[PDB]
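Quick look at coords.cif (mmCIF, C-alpha atoms):
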```cif
data_my_file
loop_
_atom_site.label_atom_id
_atom_site.label_comp_id
_atom_site.auth_asym_id
_atom_site.auth_seq_id
_atom_site.Cartn_x
_atom_site.Cartn_y
_atom_site.Cartn_z
CA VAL Z 1 0.00 0.00 0.00
CA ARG Z 2 2.94 2.30 0.44
CA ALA Z 3 3.78 1.59 -3.19
CA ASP Z 4 0.36 2.55 -4.44
CA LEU Z 5 0.32 5.76 -2.45
CA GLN Z 6 3.79 6.74 -3.64
CA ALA Z 7 2.82 6.15 -7.24
CA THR Z 8 -0.20 8.41 -7.05
CA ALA Z 9 1.98 11.34 -6.08
CA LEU Z 10 4.08 10.83 -9.20
CA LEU Z 11 1.15 10.36 -11.57
CA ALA Z 12 -0.55 13.50 -10.27
CA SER Z 13 0.68 15.56 -13.20
CA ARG Z 14 -0.87 13.16 -15.65
CA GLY Z 15 -4.11 13.43 -13.72
CA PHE Z 16 -4.13 17.21 -14.10
CA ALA Z 17 -3.56 16.90 -17.81
CA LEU Z 18 -6.35 14.38 -18.25
CA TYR Z 19 -8.76 16.65 -16.37
CA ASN Z 20 -7.74 19.84 -18.15
CA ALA Z 21 -7.98 18.20 -21.53
CA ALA Z 22 -11.50 17.06 -20.75
CA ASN Z 23 -12.42 20.58 -19.67
CA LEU Z 24 -11.07 22.16 -22.83
CA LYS Z 25 -12.86 19.63 -24.99
CA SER Z 26 -16.22 20.42 -23.43
CA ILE Z 27 -15.51 24.13 -23.72
CA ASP Z 28 -15.02 23.74 -27.45
CA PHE Z 29 -18.15 21.70 -27.98
CA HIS Z 30 -20.28 24.27 -26.20
CA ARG Z 31 -18.63 27.13 -28.02
CA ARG Z 32 -19.35 25.45 -31.35
CA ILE Z 33 -23.03 25.10 -30.52
CA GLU Z 34 -23.34 28.78 -29.66
CA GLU Z 35 -21.71 29.85 -32.91
CA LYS Z 36 -24.09 27.65 -34.86
CA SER Z 37 -27.01 29.44 -33.26
CA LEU Z 38 -25.61 32.81 -34.16
CA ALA Z 39 -25.17 31.77 -37.75
CA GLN Z 40 -28.75 30.61 -37.94
CA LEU Z 41 -30.00 33.82 -36.40
CA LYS Z 42 -28.18 35.86 -38.98
CA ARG Z 43 -29.38 33.71 -41.85
CA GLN Z 44 -32.96 34.05 -40.75
CA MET Z 45 -32.70 37.79 -40.55
CA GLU Z 46 -31.43 37.96 -44.11
CA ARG Z 47 -34.55 36.23 -45.38
CA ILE Z 48 -36.74 38.68 -43.47
CA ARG Z 49 -34.92 41.63 -44.97
CA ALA Z 50 -35.08 40.16 -48.45
CA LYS Z 51 -38.86 39.88 -48.42
CA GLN Z 52 -39.24 43.39 -47.10
CA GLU Z 53 -37.17 44.76 -49.97
CA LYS Z 54 -39.13 42.86 -52.58
CA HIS Z 55 -42.31 44.40 -51.23
CA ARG Z 56 -40.70 47.83 -51.10
CA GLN Z 57 -39.93 47.54 -54.78
CA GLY Z 58 -43.44 46.26 -55.37
CA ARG Z 59 -44.84 49.41 -53.81
CA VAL Z 60 -42.41 51.43 -55.93
CA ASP Z 61 -43.69 49.81 -59.12
CA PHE K 1 -42.30 -11.25 -4.34
CA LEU K 2 -41.85 -7.73 -3.00
CA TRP K 3 -38.25 -8.43 -2.04
CA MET K 4 -37.44 -9.43 -5.62
CA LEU K 5 -39.43 -6.51 -6.98
CA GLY K 6 -37.40 -4.19 -4.76
CA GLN K 7 -34.21 -5.78 -6.03
CA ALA K 8 -35.18 -4.85 -9.58
CA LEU K 9 -35.54 -1.20 -8.57
CA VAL K 10 -32.19 -1.35 -6.80
CA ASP K 11 -30.62 -2.37 -10.08
CA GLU K 12 -32.32 0.55 -11.83
CA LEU K 13 -30.85 2.98 -9.31
CA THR K 14 -27.43 1.38 -9.65
CA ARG K 15 -27.61 1.87 -13.41
CA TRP K 16 -28.44 5.56 -13.03
CA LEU K 17 -25.62 6.08 -10.55
CA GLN K 18 -23.19 4.37 -12.87
CA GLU K 19 -24.15 6.77 -15.62
CA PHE K 20 -23.78 9.70 -13.26
CA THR K 21 -20.19 8.69 -12.54
CA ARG K 22 -19.24 7.58 -16.03
CA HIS K 23 -16.73 10.29 -16.91
CA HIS K 24 -14.96 9.93 -13.58
CA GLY K 25 -14.79 6.19 -14.08
CA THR K 26 -12.98 6.49 -17.37
CA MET K 27 -10.41 8.94 -16.02
CA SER K 28 -9.76 6.64 -13.12
CA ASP K 29 -9.21 3.55 -15.26
CA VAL K 30 -6.62 5.28 -17.41
CA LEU K 31 -4.73 6.23 -14.27
CA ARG K 32 -5.12 2.83 -12.62
CA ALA K 33 -3.57 1.02 -15.53
CA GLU K 34 -0.73 3.51 -15.57
CA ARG K 35 -0.21 3.01 -11.85
CA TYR K 36 -0.04 -0.75 -12.23
CA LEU K 37 3.04 -0.51 -14.35
CA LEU K 38 4.49 2.39 -12.43
CA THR K 39 4.55 0.42 -9.20
CA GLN K 40 6.24 -2.55 -10.85
CA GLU K 41 9.26 -0.44 -11.69
CA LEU K 42 9.31 1.12 -8.26
CA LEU K 43 9.20 -2.32 -6.64
CA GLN K 44 12.03 -3.53 -8.85
CA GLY K 45 14.12 -0.68 -7.52
CA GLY K 46 14.50 0.95 -10.90
CA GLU K 47 13.45 4.31 -12.28
CA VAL K 48 10.02 5.20 -13.58
CA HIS K 49 10.63 6.48 -17.11
CA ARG K 50 8.28 7.59 -19.85
CA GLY K 51 8.80 4.27 -21.58
CA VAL K 52 6.88 2.59 -18.79
CA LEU K 53 3.76 4.51 -19.77
CA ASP K 54 4.55 4.08 -23.46
CA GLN K 55 4.19 0.31 -23.16
CA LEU K 56 0.49 0.81 -22.55
CA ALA K 57 -9.36 9.89 -21.24
CA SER K 58 -11.78 7.93 -23.36
CA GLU K 59 -9.44 8.23 -26.30
CA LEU K 60 -6.46 6.95 -24.32
CA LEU K 61 -8.37 3.87 -23.28
CA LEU K 62 -8.92 2.91 -26.91
CA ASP K 63 -5.37 3.75 -27.99
CA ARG K 64 -3.79 1.66 -25.27
CA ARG K 65 -3.81 -1.98 -26.28
CA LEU K 66 -1.55 -3.53 -23.63
CA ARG K 67 -4.25 -5.63 -21.98
CA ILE K 68 -3.28 -6.21 -18.35
CA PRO K 69 -4.06 -9.40 -16.43
CA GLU K 70 -4.85 -8.74 -12.77
CA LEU K 71 -6.97 -5.67 -13.43
CA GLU K 72 -9.28 -7.57 -15.81
CA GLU K 73 -9.89 -10.44 -13.42
CA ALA K 74 -10.62 -7.90 -10.71
CA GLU K 75 -13.32 -6.37 -12.85
CA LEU K 76 -14.93 -9.79 -13.26
CA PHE K 77 -15.01 -10.30 -9.49
CA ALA K 78 -16.70 -6.93 -9.19
CA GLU K 79 -19.33 -7.77 -11.80
CA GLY K 80 -19.91 -11.10 -10.13
CA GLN K 81 -20.64 -9.62 -6.72
CA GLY K 82 -23.99 -9.49 -5.00
CA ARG K 83 -26.41 -6.69 -5.81
CA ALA K 84 -25.95 -5.28 -2.32
CA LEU K 85 -22.20 -5.00 -2.63
CA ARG K 86 -22.59 -3.47 -6.06
CA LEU K 87 -25.14 -0.90 -4.95
CA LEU K 88 -22.83 0.25 -2.19
CA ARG K 89 -19.98 0.51 -4.63
CA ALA K 90 -22.20 2.70 -6.75
CA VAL K 91 -22.82 5.05 -3.84
CA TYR K 92 -19.14 5.40 -3.02
CA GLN K 93 -18.44 6.10 -6.65
CA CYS K 94 -20.95 8.91 -6.73
CA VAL K 95 -19.58 10.58 -3.60
CA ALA K 96 -16.00 10.30 -4.79
CA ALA K 97 -16.97 11.77 -8.11
CA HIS K 98 -18.90 14.78 -6.95
CA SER K 99 -17.14 15.61 -3.70
CA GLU K 100 -17.68 19.33 -3.98
CA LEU K 101 -21.42 19.05 -3.76
CA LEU K 102 -21.01 17.06 -0.59
CA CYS K 103 -18.84 19.57 1.20
CA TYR K 104 -21.48 22.14 0.32
CA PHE K 105 -24.51 20.14 1.32
CA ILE K 106 -23.01 19.53 4.74
CA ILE K 107 -21.92 23.13 5.37
CA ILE K 108 -25.49 24.25 4.71
CA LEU K 109 -27.02 21.40 6.73
#
```
As structure tokens, the full file:
Amino acid sequence: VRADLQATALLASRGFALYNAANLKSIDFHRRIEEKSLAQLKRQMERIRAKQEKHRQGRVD
Amino acid sequence: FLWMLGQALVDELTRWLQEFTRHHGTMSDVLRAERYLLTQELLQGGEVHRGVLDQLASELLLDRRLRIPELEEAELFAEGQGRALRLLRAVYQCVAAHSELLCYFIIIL
């Protein structure tokens, strides 16, 4: 049991890396999802503005 | 019959708890396998180099292909335990995964 306990103190650094990697991975996945939403929002607003312009030109004609 | 019916629900809870501790479980197993080899070198009296680990979270489990003996048989013993023993293991796993929420629950209690 002394052996096991001694080993854990050495492999602590690996532990930190494993954890931090997992954190960064989840950060990226969430960030991706948010950017997708913002793209969709902007696409939708372009279709709104397109229709409004067509009807503005219709009134002009 | 009620005893056996209750046992079925115990297994359902155990399943949920196992899913609640899944990520922690994987991280642990990577480090347990690494520790197995690490201790061998220490017990020999030699140095623990990077090559020790090279012989071998989720990704690293798949990449590693050095299937170890003892650890696998240990897992079988665990799977082949009684439902009671396994339910209690599930509880310990949950506490040791989310320790922060415990410290907090108790401070407020």
Proximity of chain K to chain Z: per-residue shortest pair, 10 Å limit, all atoms listed in the file, as a Markdown table:
```
| residue | atom | partner | partner_atom | distance |
| --- | --- | --- | --- | --- |
| K:23 | CA | Z:22 | CA | 9.4 |
| K:24 | CA | Z:19 | CA | 9.6 |
| K:27 | CA | Z:18 | CA | 7.1 |
| K:28 | CA | Z:15 | CA | 8.9 |
| K:30 | CA | Z:18 | CA | 9.1 |
| K:31 | CA | Z:15 | CA | 7.2 |
| K:32 | CA | Z:8 | CA | 9.3 |
| K:34 | CA | Z:11 | CA | 8.2 |
| K:35 | CA | Z:7 | CA | 6.3 |
| K:36 | CA | Z:4 | CA | 8.5 |
| K:37 | CA | Z:7 | CA | 9.7 |
| K:38 | CA | Z:7 | CA | 6.6 |
| K:39 | CA | Z:3 | CA | 6.2 |
| K:40 | CA | Z:3 | CA | 9.0 |
| K:42 | CA | Z:3 | CA | 7.5 |
| K:43 | CA | Z:3 | CA | 7.5 |
| K:48 | CA | Z:10 | CA | 9.3 |
| K:57 | CA | Z:18 | CA | 6.2 |
| K:58 | CA | Z:22 | CA | 9.5 |
| K:60 | CA | Z:18 | CA | 9.6 |
```
Centre and edge lengths of an axis-aligned box around all listed atoms of range 19-28 of chain K, with 5 Å added on each side, are to be given in Å to one decimal, as AutoDock Vina command-line options.
```
--center_x -17.0 --center_y 8.2 --center_z -15.0 --size_x 24.4 --size_y 14.1 --size_z 14.8
```
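The interatomic distance for the pair CA of residue 1 in chain K and CA of residue 78 in chain K works out to 26.4 Å.
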Can you tell me how far CA of residue 19 in chain K sits from CA of residue 9 in chain Z, in Å to one decimal?
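Those two atoms sit 28.2 Å apart.
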Give me, as a count of residues only, all polymer residues having an atom no more than 8 Å from range 66-77 of chain K, counting only C-alpha atoms and skipping those fewer than 4 positions away in the same chain.
4
Would you kindly return, as a list in words, each protein, DNA or RNA residue with an atom no farther than 10 Å from any atom of residue 91 in chain K, considering all atoms listed in the file and excluding same-chain residues fewer than 3 positions away?
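Returned residues: residues 13, 14, 17, 18, 21, 86, 87, 88, 94, 95, 96 and 97 of chain K.
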